[PDB]
Amino acid sequence: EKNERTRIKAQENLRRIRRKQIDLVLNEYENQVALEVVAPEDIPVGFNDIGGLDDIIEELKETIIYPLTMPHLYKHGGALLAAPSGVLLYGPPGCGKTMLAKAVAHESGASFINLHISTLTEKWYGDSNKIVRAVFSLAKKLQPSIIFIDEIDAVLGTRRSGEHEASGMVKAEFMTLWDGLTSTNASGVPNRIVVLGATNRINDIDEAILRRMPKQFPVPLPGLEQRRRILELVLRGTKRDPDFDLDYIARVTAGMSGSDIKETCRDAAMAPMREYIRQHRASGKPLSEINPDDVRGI
Amino acid sequence: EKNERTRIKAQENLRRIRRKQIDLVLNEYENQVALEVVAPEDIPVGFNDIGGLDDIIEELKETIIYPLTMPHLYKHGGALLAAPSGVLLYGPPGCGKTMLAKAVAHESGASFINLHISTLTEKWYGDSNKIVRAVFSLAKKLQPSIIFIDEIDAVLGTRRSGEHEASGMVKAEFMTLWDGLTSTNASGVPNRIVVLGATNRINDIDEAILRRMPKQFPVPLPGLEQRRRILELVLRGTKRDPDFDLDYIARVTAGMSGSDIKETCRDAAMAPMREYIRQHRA
Amino acid sequence: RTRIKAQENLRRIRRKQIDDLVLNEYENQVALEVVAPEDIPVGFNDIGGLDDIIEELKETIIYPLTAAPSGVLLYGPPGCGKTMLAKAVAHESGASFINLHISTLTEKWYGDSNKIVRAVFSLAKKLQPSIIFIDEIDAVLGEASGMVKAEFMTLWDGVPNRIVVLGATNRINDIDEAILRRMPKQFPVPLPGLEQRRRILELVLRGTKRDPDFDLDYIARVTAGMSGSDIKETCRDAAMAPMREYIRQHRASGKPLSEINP
Amino acid sequence: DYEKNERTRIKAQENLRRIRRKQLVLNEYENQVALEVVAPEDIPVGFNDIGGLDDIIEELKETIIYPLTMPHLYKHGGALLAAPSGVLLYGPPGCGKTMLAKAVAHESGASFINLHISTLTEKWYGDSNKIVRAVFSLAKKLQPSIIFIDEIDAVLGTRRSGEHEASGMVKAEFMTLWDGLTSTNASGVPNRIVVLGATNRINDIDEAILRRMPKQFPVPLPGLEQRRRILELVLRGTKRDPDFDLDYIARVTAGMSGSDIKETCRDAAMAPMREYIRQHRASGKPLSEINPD
Amino acid sequence: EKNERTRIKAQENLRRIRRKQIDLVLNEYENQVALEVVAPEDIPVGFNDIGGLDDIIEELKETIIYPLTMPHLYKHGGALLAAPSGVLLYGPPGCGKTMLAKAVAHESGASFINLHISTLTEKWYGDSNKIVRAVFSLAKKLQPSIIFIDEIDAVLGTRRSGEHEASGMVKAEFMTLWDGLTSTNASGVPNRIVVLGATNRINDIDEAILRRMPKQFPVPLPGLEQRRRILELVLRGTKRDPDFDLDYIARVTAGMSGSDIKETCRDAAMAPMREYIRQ
Amino acid sequence: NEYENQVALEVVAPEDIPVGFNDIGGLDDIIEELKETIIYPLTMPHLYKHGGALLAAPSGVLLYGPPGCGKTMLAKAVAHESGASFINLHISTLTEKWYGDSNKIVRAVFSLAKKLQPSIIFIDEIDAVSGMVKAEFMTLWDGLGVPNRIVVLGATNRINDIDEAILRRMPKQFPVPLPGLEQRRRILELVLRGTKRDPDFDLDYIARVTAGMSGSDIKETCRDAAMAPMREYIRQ
Ligand SMILES: Nc1ncnc2c1ncn2[C@@H]1O[C@H](COP(=O)(O)OP(=O)(O)O)[C@@H](O)[C@H]1O
Ligand SMILES: Nc1ncnc2c1ncn2[C@@H]1O[C@H](COP(=O)(O)OP(=O)(O)O)[C@@H](O)[C@H]1O
Ligand SMILES: Nc1ncnc2c1ncn2[C@@H]1O[C@H](COP(=O)(O)OP(=O)(O)O)[C@@H](O)[C@H]1O
Ligand SMILES: Nc1ncnc2c1ncn2[C@@H]1O[C@H](COP(=O)(O)OP(=O)(O)O)[C@@H](O)[C@H]1O
Ligand SMILES: Nc1ncnc2c1ncn2[C@@H]1O[C@H](COP(=O)(O)OP(=O)(O)O)[C@@H](O)[C@H]1O
Ligand code: BEF
Ligand code: BEF
Ligand code: BEF
Ligand code: BEF
Ligand SMILES: [Mg+2]
Ligand SMILES: [Mg+2]
Ligand SMILES: [Mg+2]
């Protein structure tokens, strides 16, 4: 058992040496959680990349990140003016949610970690709660640490019964360290830990935990202006302006969500590429030139 | 296994000394339960700064927390006139059942130990029952003690058929050491140990545990006066805006929880604060 | 292990003498569970007007050990005083009252999960009379749990050694029917009747005065539903009420010193 | 409790050596899928054995299977001109939905990985997700990779909150690894992993899974020409008689699937051999007759 | 735990030793179905015993068993002349829909493996799919492999929106392992394993499973002479009293489906038996 | 074989049964056909095996009619009559707890039966026999070189909606009419065998007093008028 745990420890120590740069002491449980500390330089989508929703970026930055990072600015107010306990981005499926949980991990600089729901559920008994305590132990040892759990309605969410007698503890031993008797320091700082969460079913997330994460922003499907921005941003790397008429495309795709505009642009961005390939299919060898032309998709 | 256990017992010694002094020995096995003894001065809350709850904040101070400390003035009776062995603290989420426990831990005087859920369920076989036993063996060593299992719905609960019976042995261990044949003392005192619970749904905690906790304090949602008090109480750091009328936001809450009110009042203190972004501008 | 065997020797001497014989180290560790008869303060008189199941015990269990069936069950639900009955039996029993403390059987080893099970019956064979009462018997008698269960049921039916089995499960009809059928007897403990609830009123009300409240007789009018534990907690509350009033009055001024009246 | 690991780990390397030698190190749960990759030389069918699907075989080849391999060809706007992260083959049961994926596992070149729904659902707690992030970690190691979940509407479905919670995490684990936070690289390349899915019932898969896989190819029943071509493809094992209108069978079918036609051809072809057996002969005989019905 | 698995391995080894010669490695899943491979000599019924449905027993002996065993004579065809991978025989309750399975298991070398519904339904999550997979992993390892799912309309069935979780991924996994990715071999052989489905109503079995059982032999009620055939065959070694014949009873037995005749005749068989007790 | 050991709690022993064959109420023709064709061939088959492969006892026998105790009494009695250990279904055990727990029970029942002597299985209040249990109960009753040597009995008030395929496999379906104007005399004699019968009138109006009820009022009248002249003898 030690032969595997040593390599594990070496890997997480390497990851944390890469992250911490601009050497902790770790037990075995939150050791393997150190593999989930996302390096902020490995998420190539900032806040200037996601168009459409902008006010949600406003209320997501100037009330969550400025409270977490640079807390001295929010000390004149007192104990109230701190970062909220947790955040939730609920809305229709496939519009900016997981991609807005990337810019918050790239520019925030708050020791972001992706929780990886599988790791919460361990096979041995009493090791699915050791990891739930470890995710907060490591979160506070390198605070201010943002935590993220995508799809929070399976690992979290309404119990409705004693499922398996091991899923009611991760739902409870998470809530015990979240906003429990040790959530506040001896002076008042609540450890500076904000757990995000993405979900399209807000009404299945254990409303007792709904009190836990109050900053719950609705992430609606993009409107007409939001789509006119998402087309401009998704169609950056495309020699697409012979006689391009984006006003028609941003209007016709009204009912379409914000994640299908990407695939629509993809089909409308490799159509002339397929034309060039089928043209070159006559003879020769694939040594692709840079002369397709995007005009109109479907 | 021993060196790491030696570090565990060393940290346990430090925490126990800082709790006691405000000297004893252990078995090198129950040290991992004294690593949750909450100190008295670190909990920054008290019974004075919790508006709303009044009959609870008085009934706890008179009936449970303070027949325990200074029990000499209740020594006229036998088993009676003693600390009631058990408390529940049930209520909806976000109404001050954890803050109440924090204030109890800070203003009690008994050796408050915070028994987590991850400290009872153990991987090795037979290493989860001897921790539930270590808890009640430590509570009796120094026995002003308020054990506190927060969120008693997973660690405890209605024992159903099967469901990892090794996890049912823990609840059986609680049932047998809590009020079993050796519950009280040979002199008659019931060891002066009062577990404090916490939950949002009193429907599956237990029927064989409700008897084991005679007190059940219902903490409901704050009404008119409770919200009027909590709104004034939360605004102790944030300076009051000039001409700001409190009763409007006080009455407009109208049944909202005791934490959502805190968030809506935090927004009203960050609103102007966020607005003054001029320092970088200038 | 040396400290373990030393404490074992001391506790077993204080149990037996009211001598001692050295035995296996994996069998001494269960010998630290022998509570002396003078350790329990309560007695038979501390039980209410039950005097039927306690009478059955007094006639059928303690007498033969002075044949004695091996196995006795406590059937009542939580609230009637199963553990209280067991504690009272342990006082006026005169035999060797040895509990189990199932955590003692549970061990993080492979070949040691059966040695303690052997050691319990071995020590029972060493000294008589003996008592192996195990509260919450529907906890351990549900490759380790099954092994310990099978080995316990193997040596369960070990003069028939003067060994007695007493069970106090909080719930029945879902409890070890393989061995529950083997045990001879089982005594149900129902809710308190009229005379039973009257005795419960008269017993717990021992230290408090007779006029701290309305009256004792009227309390035995709605307490029919509640059990012996809810009645005791309500009595504790009603007793603390007058002392509550007195302490609240004394809060006005004066050092918080004890008194000699409510 | 250790020999099972040794057996799977030794066979895990041996299975990978086959696909590797056709042209690495894995942890515990990755050995499960390590015994699960399909070598393209093993499957005996190719793209030229699926008739009538000239508009689906051509769109499963220009936009989903050949932006993926040789991605250097698509590097002008590579951030967007990549292979889709999944494909949904849906339609009437019995036409190509498994044959297309069987030929894609043969004539693609990518490390095709079948998913085998029984292996995702372990009886222990948490192994169902340890296998999901094992397959979505082996695909990244065997990149480029192609995952195929035949009949996706069984292992995946609408959440249905009042059901088994342990099976709502594997359905909520694809939404975390297959398009989650780490679906992209440090520069934009989304791991070059496409997940194939063939369901006989679309719209009962999910409201969120139907956006991950952006290429839902509907595979209709064989029309007037699909039957004509499937007859040609199927009746190439035994010789044909000098005169029989094979158009007649296709011209009269008009309502059968791609499997019903194969079964009818099987029933028709057995007539001459069963007649030769009616002649009570023991040895073989290379002549027969494939007359209509 | 381990001892139970070792005992199951001992049973499977004994059963394979007794069934193979009129032995291969097995896990603890396909071992569970190892106890289901019946011995041909156990079933005391042959093809000659079945009557009435004489034109269904013929097409099963020429298009299923012959294309399954000794296919070298059928090797002249490439792949079309293999055995049909699935066979269904439906009928009203009271006809020969199960006795045909016995005749196929007894007088046709097939490694007949009947799987019971309780051998598929299980308590642990993902333990039923790993048995549906073990079945087809065993049938491949010994592959005459005539699998027989009687009352298939229950173990399978119509898949709905509000369908049970565990019972919904065992219908899809089964029909995916039947005709799926690994259905064929490297050489292109169809991997001969036939599945016998014997249901009472082919209306709700599935829309995708009926194609997986292309041979659907209808088993109607016993015909006029067919009932006479069953009468003459069921009372071969029975009582032989004077001239009174079942042919008159055959005309009398207009209804009284084929299963019912086997008890009608036995009830009529106590005529000389009852008087023997009169001593 | 954990389930067959679990079902071993309901295997009533073939001996020490309350059968007492004469105690059953007045029922001759049904019991005549029973003792002639079912229980008789169960014992000493060597004297009944003159014809082979067909003289096995059919495992289908139904007792349909209003609810009562005679059908259950007859089921209890036939076991001791043929030296059979009564293994009741215990239909409340058919409730579902796990996914396939009940199907395991249905398998283990026939497992123990085939492993056991010719005792007969009983299904009290047959109404459950539409999932895997209902499927597998029709399968393992008759399925894949010796007869079953065990008969299944049918006891249920429900008729013509009881899965007629199961009705097909129930050859000797016997109507069990509990209310009988002649069986009532015998059952009242059975009752009054021990009860003191000095003051009460002759057993003639009893044949018309409990005319409506089938077999329950007669069973409750064992002590209905028994203690009526008995309270005074007990109080004084
Ligand atoms: N507002 C947006 N601006 C730009 N791209 C978007 C936006 N919303 C969705 N997308 C596209 O959707 C893809 C990821 O979708 P995602 O936001 O993860 O869905 P969900 O909202 O369910 O998390 C990205 O590739 C991105 O291009
Ligand atoms: N009675 C109260 N007065 C003031 N604030 C309260 C009160 N109850 C709860 N809160 C606020 O709620 C937060 C913690 O709530 P918590 O005690 O966890 O709710 P619950 O006890 O219902 O779980 C604290 O930050 C505190 O400010
Ligand atoms: N028969 C009785 N008469 C009077 N009081 C009783 C009786 N039984 C129980 N009690 C009271 O109720 C309480 C029951 O507590 P306990 O014996 O621990 O319950 P249990 O035995 O169910 O664990 C005792 O403290 C005792 O004072
Ligand atoms: N376009 C086609 N050309 C040739 N054969 C086909 C075609 N479509 C289906 N088939 C036949 O169908 C059989 C497999 O059907 P499959 O596609 O697996 O059905 P499903 O889509 O329900 O999985 C193969 O044996 C093949 O001969
Ligand atoms: N021709 C026949 N000869 C002998 N037995 C028959 C014949 N037809 C039906 N049976 C009997 O009828 C019973 C029921 O038929 P079966 O095929 O099992 O239908 P099901 O599967 O619906 O029960 C069988 O057990 C069989 O013994
Ligand atoms: F598609 Be996202 F991850 F909800
Ligand atoms: F939020 Be408390 F701990 F219920
Ligand atoms: F109710 Be106690 F556990 F006997
Ligand atoms: F494989 Be098919 F789509 F059932
Ligand atoms: Mg709280
Ligand atoms: Mg007790
Ligand atoms: Mg398929």
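Residues numbered from 1 in each chain as written, not as in the entry; some residues may be left out. Chains lettered and ligands numbered in written order. Heavy atoms only, no water. Residues with missing side-chain atoms left out of burial classes, pairs and counts.

- Naming follows the PDB entry, where chain E appears as Membrane-spanning ATPase-like protein of Chaetomium thermophilum.
- Here the PDB entry title reads "Msp1-substrate complex in open conformation".
- Check the Subcellular location (unreviewed entry) section of the UniProt entry for chain E; it says "Mitochondrion outer membrane".
- UniProt, in the comment section headed Sequence similarities (unreviewed entry), describes chain E in these words: "Belongs to the AAA ATPase family." (UniProt positions renumbered as here; feature names shortened; annotations may be inferred.)

- With the PDB entry as reference, chain C is termed Membrane-spanning ATPase-like protein, source organism Chaetomium thermophilum.
- Its UniProt record gives chain C a comment under Subcellular location (unreviewed entry), which states: "Mitochondrion outer membrane".
- Looking at chain C in UniProt, the text filed under Sequence similarities (unreviewed entry) is "Belongs to the AAA ATPase family."

Overview of the site of ligand 1
Piece 1. As a matter of local geometry, ligand 1 sits amid 15 residues, with A:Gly94, A:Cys95, A:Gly96, A:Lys97 and A:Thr98 nearest to it.
Piece 2. Site remark: ligand 1 is flanked by residues from chains A and D.
Piece 3. No other element matches helix α5 (residues 97-106) of chain A, which puts three residues into the shell around ligand 1.
Piece 4. Of the residues contributing to the shell around ligand 1, the split by class is six nonpolar, six polar and three charged. (Near = heavy atom within 4 Å. Helix = DSSP H or I, 4+ residues; strand = E, 2+ residues; numbered from the N terminus. Nonpolar A, V, L, I, M, F, W, Y, C, P; charged D, E, K, R; others polar.)

Observations regarding the interface of chain B and chain A
Piece 1. Contact residues are listed per partner, giving 46 residues for chain B and 46 residues for chain A.
Piece 2. Across the chain B/chain A interface, buried area totals approximately 4,100 Å², and carbon plus sulfur atoms make up 57% of it.
Piece 3. The three residues of chain B that bury the most area against chain A are B:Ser118, B:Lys123 and B:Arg274, which together make up 15% of that side's buried surface.
Piece 4. Linking chain B with chain A are three salt bridges, by the criterion used here.
Piece 5. A:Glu165 is paired through a salt bridge with B:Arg160; the nearest N and O atoms lie 3.7 Å apart.
Piece 6. On inspection of chain B and its partner chain A, the count reaches 10 residue pairs in polar contact.
Piece 7. Counting residues per element, the ones that place at least two in the side of chain B that touches chain A are α4 (98-107), α6 (165-178) and α10 (260-275) of chain B.
Piece 8. In terms of residue count, the dominant contributor to the side of chain B that touches chain A is α10(B) (nine residues).
Piece 9. Here the side of chain B that touches chain A is composed, by residue class, of 15 nonpolar, 12 polar and 19 charged. (Contact = heavy atoms within 4.5 Å. Buried area = accessible area lost by both parts, 1.4 Å probe. Salt bridge = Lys/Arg side-chain N within 4 Å of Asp/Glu carboxyl O. Polar contact = N/O pair within 3.5 Å; in protein donor to acceptor, adjacent residues only side chain to side chain.)

Focus: the environment of A:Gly109
All names here are of chain A.
Piece 1. Turning to its location among the elements, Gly-109 is positioned in the loop between α5 and β2 (113-114).
Piece 2. Taking relative accessible area as the criterion, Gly-109 reaches 47% and is therefore assigned partly exposed.
Piece 3. In this structure the C-alpha to C-alpha distance between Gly-109 and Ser-145, which are 36 residues apart in sequence, comes to 8.7 Å. (Buried < 20%, exposed > 50% of the residue type's maximum accessible area, 1.4 Å probe, protein only.)

Some details on helix α9 (residues 246-253) of chain B
All names here are of chain B.
Piece 1. Among all positions of α9, only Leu-246, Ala-250 and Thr-253 are buried. Angularly, the buried residues of α9 cover 65 degrees about the axis, an arc narrow enough to put them on a single face. In α9, those exposed residues whose orientation departs by more than 90 degrees from the buried face are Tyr-248, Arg-251 and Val-252.
Piece 2. The inward-facing, buried residues of α9 abut α8 (224-234) and α10.
Piece 3. Positive phi shows up at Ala-254, right after α9, with a value of about 60 degrees. (Arc of directions from axis to C-beta.)

Looking at the pairing of strand β5 (residues 215-218) of chain E
Remark: a regular strand shows side chains that alternate across the two faces of the sheet.
All names here are of chain E.
Piece 1. Burial along β5 is one-sided: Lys-215 and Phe-217 are buried, and none of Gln-216 and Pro-218, which face the opposite way, are.
Piece 2. The pairing of strand β1 (residues 86-90) with β5 spans four bridges and is parallel. When the sheet's bridge partners are listed, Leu-88 is paired in β5 with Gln-216. (Pairing = 2+ DSSP bridges.)

Structural notes on the UniProt feature "binding site: ADP 1" (unreviewed entry) in chain C
Residues and elements named next belong to chain C.
Piece 1. As recorded in UniProt, the feature "binding site: ADP 1" (unreviewed entry) lies at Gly-48, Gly-79, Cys-80, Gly-81, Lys-82, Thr-83, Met-84, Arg-181, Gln-196 and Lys-232.
Piece 2. Its location among the elements puts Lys-82 in helix α5 (residues 82-91).
Piece 3. The exposure class of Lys-82 is buried, given its relative accessible area of 6%.
Piece 4. With residues up to four places along the chain from it excluded, the contact list for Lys-82 reads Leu-74, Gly-76, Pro-77, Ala-168, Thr-169 and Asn-170.
Piece 5. Within the structure, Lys-82 has its side chain in polar contact with the backbone oxygen of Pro-77 (distance 3.1 Å).

A few points about the packing of helix α2 (residues 55-63) of chain B against helix α10 (residues 228-250) of chain C
A pair of packed helices is captured by two measures, namely the crossing angle of their axes and the spacing between those axes.
Piece 1. Running from amino to carboxyl end, α2(B) crosses α10(C) at an angle of 100 degrees, the nearest separation of the two axes being 11 Å. Viewed along their axes, α2(B) and α10(C) adopt a mutual orientation that is roughly perpendicular. Contacts between α2(B) and α10(C) pair B:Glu59, B:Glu62 and B:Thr63 from the former with C:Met240, C:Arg244 and C:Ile247 from the latter.
Piece 2. Here the contact of α2(B) with α10(C) is built from residues that sort into two nonpolar, one polar and three charged. (Axes fitted to C-alpha atoms, helices over the stretch in contact; angles between N-to-C directions. Parallel < 35°, antiparallel > 145°, perpendicular 65-115°, else oblique.)

Description of the interface of chain B and chain C
Piece 1. Opposite the 39 residues of chain B that make contact, chain C presents 42 residues.
Piece 2. Summing the contributions of chain B and of chain C, the shared interface buries around 3,900 Å²; its carbon and sulfur component is 56%.
Piece 3. Its largest share of buried area at the contact with chain C, chain B owes to B:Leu80, B:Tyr125 and B:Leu181, together 22% of the area lost on that side.
Piece 4. One salt bridge connects B:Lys215 with C:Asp237, and the closest N-O pair in it is separated by 2.7 Å.
Piece 5. For the interface between chain B and chain C, the tally reads 14 residue pairs in polar contact.
Piece 6. For the side of chain B that touches chain C, the secondary structure elements donating two or more residues are α2, α5 (129-141), α6 and α7 (207-210) of chain B.
Piece 7. For the side of chain B that touches chain C, the element with the most residues is α6(B), which contributes seven residues.
Piece 8. A breakdown of the residues in the side of chain B that touches chain C according to their chemical character gives 18 nonpolar, nine polar and 12 charged.

What to know about the side chain of B:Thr253
Piece 1. If you trace the backbone, B:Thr253 turns up in helix α9.
Piece 2. Apart from residues lying up to four places away in sequence, B:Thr253 is in contact with B:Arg227 and B:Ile261.

Looking at the pattern of salt bridges
Residue and element names in this part refer to chain D.
Piece 1. If you walk through the whole model with that rule in mind, you get 79 salt bridges over all chains.
Piece 2. Put simply, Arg-236 and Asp-49 hold a salt bridge, and the shortest N to O gap is 3.4 Å. Remark: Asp-49 occurs in the loop between α2 (28-34) and α3 (59-62) and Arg-236 occurs in the loop between α9 (226-234) and α10 (246-253); sequence separation between them is 187 residues.
Piece 3. The shortest N-O distance in the salt bridge between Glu-225 and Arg-228 comes to 3.7 Å.

Remarks on the coordination of the magnesium ion (ligand 12)
Residues and elements named next belong to chain D.
Piece 1. Binding of the magnesium ion (ligand 12) to the protein goes through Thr-98 (OG1), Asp-150 (OD) and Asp-150 (OD), at separations of 2.0 to 2.3 Å. Here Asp-150 lies in strand β3 (residues 145-150) and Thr-98 lies in the loop between β1 (86-90) and α4 (99-104), a separation of 52 residues in the sequence.
Piece 2. Classification of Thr-98 by relative accessible area gives buried; the value is 18%. (Donors = N, O, S within 2.8 Å, 3.2 Å for Na, K, Ca; no water.)

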